[PDB]
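*Asks:* Next up is a structure, given as structure tokens.
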Amino acid sequence: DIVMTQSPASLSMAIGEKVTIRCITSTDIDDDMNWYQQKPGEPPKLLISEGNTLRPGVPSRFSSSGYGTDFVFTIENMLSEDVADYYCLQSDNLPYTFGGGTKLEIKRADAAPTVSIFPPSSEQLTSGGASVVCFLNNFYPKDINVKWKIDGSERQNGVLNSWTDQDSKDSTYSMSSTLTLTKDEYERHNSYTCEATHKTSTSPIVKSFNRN
Amino acid sequence: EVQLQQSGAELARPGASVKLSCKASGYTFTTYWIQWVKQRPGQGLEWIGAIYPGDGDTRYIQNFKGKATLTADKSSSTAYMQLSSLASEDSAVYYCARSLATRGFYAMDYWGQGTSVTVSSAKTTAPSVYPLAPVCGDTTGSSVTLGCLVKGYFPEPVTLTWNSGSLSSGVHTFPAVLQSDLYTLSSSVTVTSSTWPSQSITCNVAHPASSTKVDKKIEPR
Amino acid sequence: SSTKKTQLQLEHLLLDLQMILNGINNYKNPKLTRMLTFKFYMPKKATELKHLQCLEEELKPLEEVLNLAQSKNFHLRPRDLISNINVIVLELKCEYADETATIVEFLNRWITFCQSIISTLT
């Protein structure tokens, strides 16, 4: 087949800056390149069809160029509505084949996370479980480090982490870190804390609680 | 106008078969190729094959020959994809989509909404829903933040809402995490300090698979 | 002049069809696989010149295939060629089969139709 190498895999761009995505084809496709945009939970939308044809209704700051083996997709100026994945598809010969895609996220100022810690609910404790939950909300950039402490001393194991996609209104990220304990080990300790280390400062964010 | 409606989410055991459908309206169902596309969770788009409904002719990428079987019913304007000998790497969302012109292969403009197929031995199990309020000695910020913990369900997905959808800004619902064939997610909502616990806050959790639908009021400690 | 005029229009049509066919059949096209997906419809009976109506109604799908047929070694003018074909048919001038045809079969069928009529006129 014809492989298409789409690059970069990820890109972050400030508002109104120009954006460039590239697809390179393992053979000569003679301009049979297509560009799709996919937002979460939605089917991909055809933005540009072969011959650099903008689809009807598509914003005019989308454009593409290329003939042969090297193709470029361009957003003239980043708007936040353009956060999404972009895929190219060659329609030149069978099998049809897609590039691996591009995750396009917007840049904004650094923003410190808002941290909230939550002890296991009494209802979870009734049925034997014990999960401590930590929400680190609306921070930028995405890279964040979370550290758990029981009675002063850290614990690495039993911790799960999960990020939202870039929020639509303010372009920030959020993150749930949940530490699963045994209800027994939970009942043997008083202080529980999560630590947030982020680019926004060296002095981390500490949230903690006493079991009584 | 031109529309493509796909069938619903499916759970299947390893080795079984499943048959997805795609019902088409708004155009001459017979003169357009219909393409099928696989998308593994968190991954890229993947072309499978295509059918010309006017006569049943098919195309396949090589390593789906035998896995996928494309058919069409011209009377109902419907296309079907049979998947056989299901393994886990068949768990994915499958789209159908129409080539943008007649009688020939083209890129796809009109898309179905997708059908999610999960392939697992693990059994459907309803979710446990726990409320998350700050502890007794809770220090007050300007806004307050509460949560909902949805543990031990299978398969995906669950719908999460606050105050029957009334509460939609300042909601983060984090993606589900799979551990020992049970899913766990959580959702947070941020409201104004004043409005709680003076006005009730509730998470509603829907698990279509086990057809369960819970409400958890969040009450201070 | 119609004695050799009708025969000559049919010979011109034949050469256009044959040129398209040779171009497809001789030179290695990376787009061939995509050209073969194109679906052409075929007359039930094609015996008289009247049946050339059935050709005209597939000129839009044919023109598209001609875009795919150009390469580094096979050069063509899809729009001019289709226009000449439409002219000749409209001058010399419908129920189909359930069977769809590839561009190759479509071209061969119409080339053989022409050759039969032309053998009549000799």
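Each chain in the structure tokens gets a letter, A, B and so on, in the order shown; residues start at 1 in every chain, and ligands are counted from 1 in the order they appear.
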Residues near residue 24 of chain C, anyone? I mean within 9 Å using only C-alpha atoms, not counting same-chain ones fewer than 4 positions away, as a PDB file with N, CA, C and O atoms, in the first residue's frame.
*Replies:*
ATOM      1  N   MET C  19      -8.568   4.231 -28.248  1.00  0.00           N
ATOM      2  CA  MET C  19      -7.443   4.943 -27.665  1.00  0.00           C
ATOM      3  C   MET C  19      -7.535   4.927 -26.150  1.00  0.00           C
ATOM      4  O   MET C  19      -6.547   4.650 -25.457  1.00  0.00           O
ATOM      5  N   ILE C  20      -8.722   5.210 -25.618  1.00  0.00           N
ATOM      6  CA  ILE C  20      -8.906   5.110 -24.174  1.00  0.00           C
ATOM      7  C   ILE C  20      -8.529   3.716 -23.688  1.00  0.00           C
ATOM      8  O   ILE C  20      -7.817   3.551 -22.684  1.00  0.00           O
ATOM      9  N   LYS C  28       1.233   1.062 -17.049  1.00  0.00           N
ATOM     10  CA  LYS C  28       1.029   0.732 -15.639  1.00  0.00           C
ATOM     11  C   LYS C  28       0.554   1.973 -14.884  1.00  0.00           C
ATOM     12  O   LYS C  28       1.301   2.944 -14.734  1.00  0.00           O
ATOM     13  N   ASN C  29      -0.691   1.959 -14.419  1.00  0.00           N
ATOM     14  CA  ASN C  29      -1.233   3.113 -13.721  1.00  0.00           C
ATOM     15  C   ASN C  29      -1.286   2.805 -12.235  1.00  0.00           C
ATOM     16  O   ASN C  29      -1.887   1.794 -11.841  1.00  0.00           O
ATOM     17  N   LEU C  32      -4.922   2.485 -11.185  1.00  0.00           N
ATOM     18  CA  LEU C  32      -5.781   1.486 -11.812  1.00  0.00           C
ATOM     19  C   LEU C  32      -6.781   0.889 -10.823  1.00  0.00           C
ATOM     20  O   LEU C  32      -7.965   0.721 -11.143  1.00  0.00           O
ATOM     21  N   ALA C  69      -7.131   8.390 -15.842  1.00  0.00           N
ATOM     22  CA  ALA C  69      -6.330   7.604 -16.778  1.00  0.00           C
ATOM     23  C   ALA C  69      -5.035   8.299 -17.204  1.00  0.00           C
ATOM     24  O   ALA C  69      -4.086   7.606 -17.588  1.00  0.00           O
ATOM     25  N   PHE C  74       0.657   8.158 -20.571  1.00  0.00           N
ATOM     26  CA  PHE C  74      -0.601   8.188 -21.307  1.00  0.00           C
ATOM     27  C   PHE C  74      -1.225   9.561 -21.125  1.00  0.00           C
ATOM     28  O   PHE C  74      -1.644   9.927 -20.020  1.00  0.00           O
ATOM     29  N   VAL C 104     -13.168  -1.285 -18.323  1.00  0.00           N
ATOM     30  CA  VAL C 104     -12.627  -2.161 -19.358  1.00  0.00           C
ATOM     31  C   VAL C 104     -13.751  -2.858 -20.120  1.00  0.00           C
ATOM     32  O   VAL C 104     -13.804  -2.824 -21.356  1.00  0.00           O
TER      33      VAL C 104
END
*Asks:* Quick one: contact table of chain B to chain C, 9 Å max, nearest atom pair and distance in Å to one decimal per residue, counting only C-alpha atoms, chain and number order, as CSV?
*Replies:*
residue,atom,partner,partner_atom,distance
B:31,CA,C:39,CA,8.2
B:33,CA,C:37,CA,9.0
B:52,CA,C:39,CA,8.6
B:54,CA,C:100,CA,8.5
B:55,CA,C:100,CA,7.3
B:59,CA,C:37,CA,8.6
B:102,CA,C:61,CA,8.1
B:103,CA,C:39,CA,4.7
B:104,CA,C:38,CA,4.2
B:105,CA,C:37,CA,6.2
B:106,CA,C:34,CA,8.8
*Asks:* Filtering to C-alpha atoms, could you give me those residues as a PDB file, in the first residue's frame?
*Replies:*
ATOM      1  CA  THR B  31     -25.034   4.619  -6.817  1.00  0.00           C
ATOM      2  CA  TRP B  33     -19.868   3.377  -2.426  1.00  0.00           C
ATOM      3  CA  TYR B  52     -21.397  -0.730  -3.703  1.00  0.00           C
ATOM      4  CA  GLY B  54     -26.346  -1.393  -6.289  1.00  0.00           C
ATOM      5  CA  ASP B  55     -24.859  -4.861  -6.826  1.00  0.00           C
ATOM      6  CA  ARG B  59     -13.396  -4.199  -1.508  1.00  0.00           C
ATOM      7  CA  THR B 102     -21.367   8.335  -7.488  1.00  0.00           C
ATOM      8  CA  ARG B 103     -20.138   5.123  -9.090  1.00  0.00           C
ATOM      9  CA  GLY B 104     -16.633   5.235  -7.687  1.00  0.00           C
ATOM     10  CA  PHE B 105     -14.190   5.480  -4.788  1.00  0.00           C
ATOM     11  CA  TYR B 106     -13.772   8.905  -3.183  1.00  0.00           C
TER      12      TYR B 106
END
*Asks:* Could you list, as a compact mmCIF listing (two decimals) with N, CA, C and O atoms, in the first residue's frame, every residue within 10 Å of segment 66-83 of chain A, counting only C-alpha atoms and ignoring same-chain residues fewer than 4 positions away?
*Replies:*
# COMPACT_ATOMS: atom_id res chain seq x y z
N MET A 4 0.96 6.88 4.68
CA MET A 4 1.09 8.33 4.85
C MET A 4 1.61 8.61 6.24
O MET A 4 0.99 8.22 7.24
N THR A 5 2.71 9.34 6.29
CA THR A 5 3.32 9.76 7.52
C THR A 5 2.86 11.19 7.79
O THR A 5 3.20 12.11 7.04
N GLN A 6 2.04 11.35 8.82
CA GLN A 6 1.54 12.64 9.26
C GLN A 6 2.37 13.14 10.43
O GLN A 6 2.69 12.37 11.34
N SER A 7 2.75 14.42 10.39
CA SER A 7 3.66 14.97 11.39
C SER A 7 3.41 16.46 11.57
O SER A 7 3.10 17.15 10.59
N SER A 12 1.04 22.41 19.88
CA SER A 12 0.31 23.46 20.59
C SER A 12 0.70 24.82 20.03
O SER A 12 1.87 25.09 19.76
N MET A 13 -0.31 25.66 19.81
CA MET A 13 -0.17 26.92 19.12
C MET A 13 -0.92 28.00 19.87
O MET A 13 -2.06 27.78 20.32
N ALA A 14 -0.30 29.16 20.00
CA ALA A 14 -1.00 30.30 20.56
C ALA A 14 -2.11 30.74 19.62
O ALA A 14 -2.14 30.39 18.44
N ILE A 15 -3.03 31.53 20.17
CA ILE A 15 -4.16 32.01 19.38
C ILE A 15 -3.66 32.85 18.23
O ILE A 15 -2.68 33.59 18.35
N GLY A 16 -4.33 32.73 17.08
CA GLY A 16 -4.01 33.54 15.92
C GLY A 16 -2.71 33.23 15.23
O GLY A 16 -2.45 33.81 14.17
N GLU A 17 -1.87 32.35 15.77
CA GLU A 17 -0.70 31.89 15.05
C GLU A 17 -1.08 30.95 13.92
O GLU A 17 -2.16 30.34 13.91
N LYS A 18 -0.17 30.81 12.96
CA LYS A 18 -0.39 29.91 11.84
C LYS A 18 0.00 28.49 12.22
O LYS A 18 0.95 28.27 12.97
N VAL A 19 -0.75 27.53 11.70
CA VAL A 19 -0.55 26.12 12.02
C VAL A 19 -0.27 25.35 10.74
O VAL A 19 -0.96 25.55 9.73
N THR A 20 0.71 24.44 10.81
CA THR A 20 1.14 23.64 9.68
C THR A 20 1.24 22.17 10.08
O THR A 20 1.96 21.83 11.03
N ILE A 21 0.54 21.31 9.34
CA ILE A 21 0.60 19.87 9.49
C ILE A 21 1.04 19.29 8.16
O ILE A 21 0.62 19.77 7.10
N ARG A 22 1.88 18.25 8.18
CA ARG A 22 2.41 17.68 6.96
C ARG A 22 2.04 16.20 6.83
O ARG A 22 2.03 15.48 7.82
N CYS A 23 1.72 15.77 5.61
CA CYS A 23 1.59 14.36 5.26
C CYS A 23 2.53 14.04 4.12
O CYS A 23 2.55 14.75 3.11
N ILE A 24 3.30 12.97 4.26
CA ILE A 24 4.21 12.51 3.23
C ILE A 24 3.79 11.12 2.81
O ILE A 24 3.55 10.26 3.66
N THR A 25 3.69 10.90 1.50
CA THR A 25 3.17 9.63 1.01
C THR A 25 4.30 8.76 0.47
O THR A 25 5.21 9.24 -0.21
N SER A 26 4.22 7.47 0.79
CA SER A 26 5.24 6.53 0.35
C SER A 26 5.31 6.38 -1.16
O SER A 26 6.23 5.74 -1.66
N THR A 27 4.34 6.91 -1.91
CA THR A 27 4.38 6.86 -3.37
C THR A 27 3.77 8.15 -3.92
O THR A 27 3.29 9.00 -3.16
N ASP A 28 3.76 8.28 -5.25
CA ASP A 28 3.21 9.49 -5.93
C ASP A 28 1.68 9.39 -6.00
O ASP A 28 1.19 8.53 -6.75
N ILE A 29 0.96 10.23 -5.24
CA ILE A 29 -0.54 10.19 -5.20
C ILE A 29 -1.17 11.22 -6.15
O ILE A 29 -2.41 11.25 -6.21
N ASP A 30 -0.37 12.05 -6.82
CA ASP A 30 -0.90 13.04 -7.80
C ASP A 30 -1.99 13.94 -7.21
O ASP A 30 -3.03 14.06 -7.88
N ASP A 31 -1.79 14.48 -6.00
CA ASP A 31 -2.71 15.44 -5.32
C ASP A 31 -3.98 14.78 -4.76
O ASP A 31 -4.90 15.53 -4.37
N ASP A 32 -4.02 13.45 -4.66
CA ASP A 32 -5.23 12.77 -4.10
C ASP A 32 -5.14 12.72 -2.57
O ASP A 32 -5.15 11.62 -2.01
N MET A 33 -5.08 13.90 -1.94
CA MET A 33 -4.97 14.03 -0.49
C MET A 33 -6.22 14.71 0.06
O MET A 33 -6.78 15.61 -0.58
N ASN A 34 -6.67 14.25 1.23
CA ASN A 34 -7.87 14.75 1.89
C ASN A 34 -7.57 15.01 3.37
O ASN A 34 -6.79 14.30 3.99
N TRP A 35 -8.22 16.01 3.94
CA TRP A 35 -7.98 16.42 5.32
C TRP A 35 -9.28 16.44 6.13
O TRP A 35 -10.24 17.13 5.76
N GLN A 37 -11.10 16.69 10.20
CA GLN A 37 -11.04 17.20 11.57
C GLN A 37 -12.00 16.40 12.45
O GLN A 37 -13.16 16.20 12.09
N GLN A 38 -11.51 15.93 13.59
CA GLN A 38 -12.29 15.11 14.51
C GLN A 38 -12.21 15.70 15.91
O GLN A 38 -11.12 15.79 16.49
N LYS A 39 -13.33 16.10 16.44
CA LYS A 39 -13.53 16.55 17.80
C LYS A 39 -14.13 15.42 18.64
O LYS A 39 -14.82 14.55 18.09
N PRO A 40 -13.90 15.40 19.96
CA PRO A 40 -14.19 14.19 20.75
C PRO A 40 -15.65 13.76 20.69
O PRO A 40 -16.57 14.58 20.67
N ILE A 48 -11.11 19.20 3.71
CA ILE A 48 -10.54 19.50 2.40
C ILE A 48 -10.46 18.22 1.58
O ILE A 48 -9.89 17.23 2.03
N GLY A 51 -7.50 17.72 -4.66
CA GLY A 51 -7.42 18.97 -5.39
C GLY A 51 -7.43 20.22 -4.54
O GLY A 51 -7.72 21.30 -5.06
N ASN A 52 -7.13 20.12 -3.24
CA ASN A 52 -7.12 21.26 -2.33
C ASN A 52 -8.49 21.95 -2.28
O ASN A 52 -8.56 23.16 -2.14
N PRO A 59 -14.53 26.89 7.39
CA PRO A 59 -13.88 28.20 7.54
C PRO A 59 -12.73 28.37 6.56
O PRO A 59 -12.00 27.42 6.26
N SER A 60 -12.58 29.59 6.05
CA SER A 60 -11.65 29.88 4.97
C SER A 60 -10.20 29.94 5.43
O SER A 60 -9.31 30.01 4.57
N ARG A 61 -9.92 29.92 6.73
CA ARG A 61 -8.54 29.90 7.17
C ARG A 61 -7.93 28.51 7.09
O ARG A 61 -6.77 28.34 7.46
N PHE A 62 -8.70 27.53 6.62
CA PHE A 62 -8.21 26.21 6.27
C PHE A 62 -7.75 26.19 4.82
O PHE A 62 -8.47 26.65 3.92
N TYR A 87 -6.65 14.39 10.54
CA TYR A 87 -6.18 13.20 9.84
C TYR A 87 -6.11 13.48 8.34
O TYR A 87 -6.99 14.13 7.78
N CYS A 88 -5.09 12.95 7.67
CA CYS A 88 -5.12 12.98 6.22
C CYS A 88 -5.44 11.60 5.68
O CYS A 88 -5.17 10.58 6.31
N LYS A 103 -2.74 15.87 17.04
CA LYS A 103 -3.49 16.42 18.16
C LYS A 103 -3.15 17.90 18.28
O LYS A 103 -2.02 18.25 18.63
N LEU A 104 -4.12 18.76 18.00
CA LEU A 104 -3.91 20.20 17.97
C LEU A 104 -4.59 20.82 19.18
O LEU A 104 -5.82 20.78 19.29
N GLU A 105 -3.76 21.42 20.05
CA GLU A 105 -4.17 22.06 21.29
C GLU A 105 -3.71 23.52 21.30
O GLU A 105 -2.74 23.89 20.63
N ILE A 106 -4.41 24.34 22.04
CA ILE A 106 -4.13 25.76 22.06
C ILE A 106 -3.23 26.08 23.24
O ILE A 106 -3.22 25.38 24.26
N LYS A 107 -2.42 27.12 23.08
CA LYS A 107 -1.58 27.64 24.15
C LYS A 107 -2.31 28.76 24.87
O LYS A 107 -3.15 29.46 24.29
N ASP A 165 -9.64 16.23 28.31
CA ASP A 165 -9.13 16.96 27.16
C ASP A 165 -9.18 18.47 27.45
O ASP A 165 -9.80 18.92 28.42
N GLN A 166 -8.50 19.23 26.59
CA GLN A 166 -8.39 20.67 26.79
C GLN A 166 -9.78 21.30 26.85
O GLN A 166 -10.56 21.18 25.90
N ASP A 167 -10.08 21.95 27.96
CA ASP A 167 -11.41 22.49 28.18
C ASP A 167 -11.78 23.49 27.08
O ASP A 167 -10.93 24.19 26.53
N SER A 168 -13.08 23.55 26.78
CA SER A 168 -13.57 24.33 25.66
C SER A 168 -13.64 25.83 25.97
O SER A 168 -13.27 26.65 25.13
N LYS A 169 -14.08 26.20 27.19
CA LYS A 169 -14.25 27.61 27.53
C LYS A 169 -12.91 28.30 27.76
O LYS A 169 -12.65 29.36 27.19
N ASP A 170 -12.05 27.73 28.61
CA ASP A 170 -10.83 28.41 29.05
C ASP A 170 -9.53 27.75 28.61
O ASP A 170 -8.46 28.27 28.97
N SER A 171 -9.58 26.63 27.90
CA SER A 171 -8.39 25.97 27.35
C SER A 171 -7.47 25.36 28.42
O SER A 171 -6.28 25.13 28.17
*Asks:* Pull the closest atom pair for each residue of chain A that gets at most 8 Å from chain B, along with the distance in Å to one decimal, counting only C-alpha atoms, ordering rows by chain and then ascending residue number, as a Markdown table.
*Replies:*
| residue | atom | partner | partner_atom | distance |
| --- | --- | --- | --- | --- |
| A:34 | CA | B:107 | CA | 7.1 |
| A:42 | CA | B:113 | CA | 6.7 |
| A:43 | CA | B:113 | CA | 5.7 |
| A:44 | CA | B:111 | CA | 7.7 |
| A:45 | CA | B:109 | CA | 7.0 |
| A:46 | CA | B:109 | CA | 5.6 |
| A:49 | CA | B:107 | CA | 7.1 |
| A:87 | CA | B:45 | CA | 7.9 |
| A:89 | CA | B:107 | CA | 7.6 |
| A:91 | CA | B:106 | CA | 6.1 |
| A:94 | CA | B:61 | CA | 7.9 |
| A:95 | CA | B:61 | CA | 5.7 |
| A:96 | CA | B:47 | CA | 6.2 |
| A:97 | CA | B:47 | CA | 6.1 |
| A:98 | CA | B:45 | CA | 6.4 |
| A:99 | CA | B:44 | CA | 7.9 |
| A:100 | CA | B:44 | CA | 5.6 |
| A:101 | CA | B:44 | CA | 6.4 |
| A:116 | CA | B:145 | CA | 7.1 |
| A:117 | CA | B:134 | CA | 7.2 |
| A:118 | CA | B:134 | CA | 5.5 |
| A:119 | CA | B:135 | CA | 6.8 |
| A:120 | CA | B:132 | CA | 7.4 |
| A:121 | CA | B:131 | CA | 6.3 |
| A:123 | CA | B:130 | CA | 6.7 |
| A:124 | CA | B:130 | CA | 6.5 |
| A:135 | CA | B:188 | CA | 7.5 |
| A:162 | CA | B:174 | CA | 6.2 |
| A:163 | CA | B:174 | CA | 6.3 |
| A:164 | CA | B:174 | CA | 5.5 |
| A:174 | CA | B:172 | CA | 7.3 |
| A:175 | CA | B:174 | CA | 7.3 |
| A:176 | CA | B:174 | CA | 6.8 |
| A:209 | CA | B:135 | CA | 7.2 |
*Asks:* What are the DSSP strand (DSSP E) residues of chain C, as a ChimeraX atom specification?
*Replies:* /C:40-43,96-101
*Asks:* Put those residues in a file: C-alpha atoms, as an mmCIF file, in the first residue's frame.
*Replies:*
data_model
loop_
_atom_site.group_PDB
_atom_site.id
_atom_site.type_symbol
_atom_site.label_atom_id
_atom_site.label_comp_id
_atom_site.auth_asym_id
_atom_site.auth_seq_id
_atom_site.Cartn_x
_atom_site.Cartn_y
_atom_site.Cartn_z
ATOM 1 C CA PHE C 40 -20.780 1.542 -15.399
ATOM 2 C CA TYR C 41 -24.199 0.484 -16.600
ATOM 3 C CA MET C 42 -24.773 -1.551 -19.757
ATOM 4 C CA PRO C 43 -27.641 -1.674 -22.276
ATOM 5 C CA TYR C 96 -29.994 -1.541 -18.733
ATOM 6 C CA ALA C 97 -29.025 -4.879 -17.270
ATOM 7 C CA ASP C 98 -28.716 -5.618 -13.572
ATOM 8 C CA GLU C 99 -25.003 -6.277 -14.153
ATOM 9 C CA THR C 100 -22.502 -3.494 -13.554
ATOM 10 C CA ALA C 101 -19.436 -3.183 -15.757
#
*Asks:* Quick one, how far is atom CA of residue 145 of chain A from atom CA of residue 132 of chain A?
*Replies:*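 Between atom CA of residue 145 of chain A and atom CA of residue 132 of chain A the gap is 16.9 Å.
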*Asks:* Taking only chain C into account, list the residues labelled helix (DSSP H, G or I) by DSSP (computed from the backbone), as a VMD selection string.
*Replies:* chain C and resid 2 to 26 32 to 35 49 to 56 59 to 69 78 to 92 103 to 120
*Asks:* Just how far from atom CA of residue 154 of chain B is atom CA of residue 161 of chain A, in Å to one decimal?
*Replies:*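 Atom-to-atom, atom CA of residue 161 of chain A to atom CA of residue 154 of chain B, that is 19.1 Å.
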*Asks:* Using only C-alpha atoms, determine which residues lie at most 12 Å from residue 2 of chain C, disregarding the query and same-chain residues fewer than 4 positions distant; provide the list as a count of residues only.
*Replies:* 8
*Asks:* Quick one, how far is atom CA of residue 90 of chain C from atom CA of residue 105 of chain C?
*Replies:* 22.5 Å
*Asks:* My list of candidates is A:125, A:211, A:57, A:93. Which is closest to chain C when distances are computed with only C-alpha atoms?
*Replies:*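 Looking only at the distances to chain C, the closest residue turns out to be A:93.
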*Asks:* Of the candidates B:192, B:208, B:14, B:115, which shows the shortest atom-to-atom distance to residue 153 of chain B, using only C-alpha atoms?
*Replies:*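 That would be B:208, the residue with the smallest distance to residue 153 of chain B.
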